[PDB]
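Okay, so here's the structure we're looking at.
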There are 2 protein chains.
Amino acid sequence: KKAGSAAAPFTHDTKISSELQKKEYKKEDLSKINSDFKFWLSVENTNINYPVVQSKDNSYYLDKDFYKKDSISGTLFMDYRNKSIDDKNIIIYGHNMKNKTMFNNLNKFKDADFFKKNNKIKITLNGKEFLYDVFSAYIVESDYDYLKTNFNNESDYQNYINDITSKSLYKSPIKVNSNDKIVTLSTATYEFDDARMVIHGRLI
Amino acid sequence: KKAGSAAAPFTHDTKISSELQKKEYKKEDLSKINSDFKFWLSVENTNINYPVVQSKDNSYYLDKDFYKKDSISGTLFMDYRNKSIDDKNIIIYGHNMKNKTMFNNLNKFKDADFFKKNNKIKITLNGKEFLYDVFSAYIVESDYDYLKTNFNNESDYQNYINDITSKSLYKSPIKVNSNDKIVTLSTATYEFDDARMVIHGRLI
């Protein structure tokens, strides 16, 4: 009946994802299933609990599953510019799906209270967990690209931080400086989307 | 470089779509390529100029090209409920793509000045061209399901008309009533889109 409500495509990704959640919990090595795998990602009080891959660009995995087959949800993925631990800003992209999956829940950070509750973003890499507090959340337009992974100096990075901080829908009691590391979570799509969600966390 | 801007998947759909424009101009029979083919759709002062198909639901052709292959743009398709030439409302669905293809240009109707230009919708079927005047246009939440192909009586139909007329961002000269036939063009997607375009024309 409803346009784009058919079950089989969501079932595909739902089945793949949950199976991977199990495998991750048992500490199986997911990079033996896709060498593109980098780390696991979760966010407190969301359903965001997924693997993150990376490829040559910022598109391949939007409509591809963890086994590289076509899929409407895709797999979360790190920006292709990211290289290492040391990067100042880790950027991760995902669909906003209609059964409220992938990065859909990023929308919760629009609630004033949820945002004050200070839910953490969590990255798990080779059995070591890294935590980030959200200091900035906002909504951007289809072709928003103010998303930088690396910087020439302490000063450029500070300016980027001042900028993305001033953009926040809500003021956070966390000042970030040029010695911090940050994470950026972004909605992304091949379709036109003027309501894209952008979240920034600070490494605790 | 930028998230979801990889050329290749768009190239796939541009190639197909412009070949089919050439085939339709030549008056080739497109139902020999795909049985599901129904008619041709264009809209004045837009790049909307595509083939319309129908499956047995409202999802299959969202991410399938006219050769029933995976594609990020899909193929414009008619609501499965439209069975007859005497249906009171014909309803067609399409993607709002980032490269401004498919039903992107429905968004042009958000402009008061494009709206009052009376740009007509065009259905070409078996040689015969059928023309419609756009009398309502608006934005709807991801959920919107107030899309009805048929009605039990002229009172039910008039109420439907009255309602969708009230939603228009703009008032139109054109009065619609329960003896009219109408077309409905809706943006649609597997993702969450609280900014999707619905427009309605009236058969001339």
Side-chain angles (χ1 to χ4, degrees), chain A residues 1-9, chain B residues 20 24 27-43 48-68 74-95 102-103 106 120-136 140 143-165 167 176-190 196-204:
Chain A
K1 40 236 295 160
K2 278 66 159 168
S5 69
Chain B
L20 299 172
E24 176 86 353
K27 300 184 158 168
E28 301 177 30
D29 191 31
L30 297 184
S31 62
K32 295 203 218 309
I33 299 158
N34 185 335
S35 313
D36 293 336
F37 177 67
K38 290 287 150 217
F39 53 86
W40 199 273
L41 183 85
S42 68
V43 171
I48 297 155
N49 180 31
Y50 297 101
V52 182
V53 292
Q54 189 178 49
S55 63
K56 310 287 264 148
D57 76 352
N58 286 338
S59 288
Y60 184 87
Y61 280 114
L62 273 165
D63 289 55
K64 299 281 189 220
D65 66 31
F66 189 87
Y67 302 84
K68 301 166 79 175
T75 311
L76 300 178
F77 64 91
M78 197 180 208
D79 191 300
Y80 76 83
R81 298 171 287 165
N82 284 118
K83 60 147 184 301
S84 143
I85 183 54
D86 268 291
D87 289 13
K88 247 61 168 56
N89 179 25
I90 292 161
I91 315 189
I92 309 154
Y93 304 95
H95 268 141
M102 307 309 295
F103 273 175
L106 298 182
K120 300 174 202 305
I121 302 171
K122 211 161 295 200
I123 286 169
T124 307
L125 176 45
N126 307 331
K128 299 171 180 200
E129 176 147 85
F130 295 105
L131 295 171
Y132 298 81
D133 275 298
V134 181
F135 70 91
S136 168
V140 305
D143 247 335
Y144 193 77
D145 194 41
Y146 194 57
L147 291 165
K148 299 191 182 153
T149 37
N150 280 314
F151 314 88
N152 272 258
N153 47 68
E154 286 185 288
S155 270
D156 287 353
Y157 186 33
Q158 193 66 65
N159 300 124
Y160 184 67
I161 294 151
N162 292 337
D163 286 349
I164 68 191
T165 317
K167 296 175 192 314
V176 188
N177 70 62
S178 51
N179 295 126
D180 281 306
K181 291 199 197 303
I182 60 173
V183 69
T184 303
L185 308 187
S186 183
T187 278
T189 177
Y190 286 118
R196 64 191 177 99
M197 200 59 39
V198 181
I199 77 152
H200 294 280
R202 184 191 49 67
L203 184 67
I204 289 304

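Lettering of chains follows the sequences in order, A, B, ..., and the numbering in each one begins at 1. Below, each value reflects all heavy atoms present in this structure, side chains not excepted, and no hydrogens, waters or symmetry copies.
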For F66(B), does its backbone N or O pair with a side-chain atom of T75(B) as donor and acceptor, under 3.5 Å?
-> yes
Does atom CG of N179(B) have more than 12 heavy-atom neighbours, drawn from other residues, nucleotides or ligands, at distances under 6.0 Å?
-> yes
Is there a donor-acceptor pair closer than 3.5 Å between any side-chain N or O of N82(B) and the backbone N or O of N89(B)?
-> yes
From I164(B) CD1 over to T184(B) OG1, what is the distance, rounded to the nearest 0.5 angstrom?
-> 5.5 Å
Can you tell me how far CG of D156(B) sits from CZ of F151(B), rounded to the nearest 0.5 angstrom?
-> 8.5 Å
With rounding to the nearest 0.5 Å, note down the distance linking NZ in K120(B) to CZ in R202(B).
-> 8.5 Å
Any donor-acceptor N/O pair, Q54(B) side chain to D36(B) backbone, under 3.5 Å | no
Test side chain to side chain donor-acceptor pair (under 3.5 Å) on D57(B) and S55(B) and set out the steps.
-> CA-CA 5 Å; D57(B) 76 352; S55(B) 63; 2.9 Å; yes
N34(B) side chain vs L30(B) backbone, donor-acceptor pair below 3.5 Å | no
Do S59(B) side-chain atoms and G4(A) backbone N/O form a donor-acceptor pair below 3.5 Å?
-> yes
Side chain of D87(B), backbone of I90(B): donor and acceptor closer than 3.5 Å?
-> no
Is a salt bridge present between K181(B) and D86(B), judged by a nitrogen-to-oxygen distance below 4.0 Å?
-> yes
Run through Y61(B), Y60(B), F77(B) and flag the one making a ring pair (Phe, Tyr, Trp, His ring centres under 6.0 Å) with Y93(B).
-> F77(B)
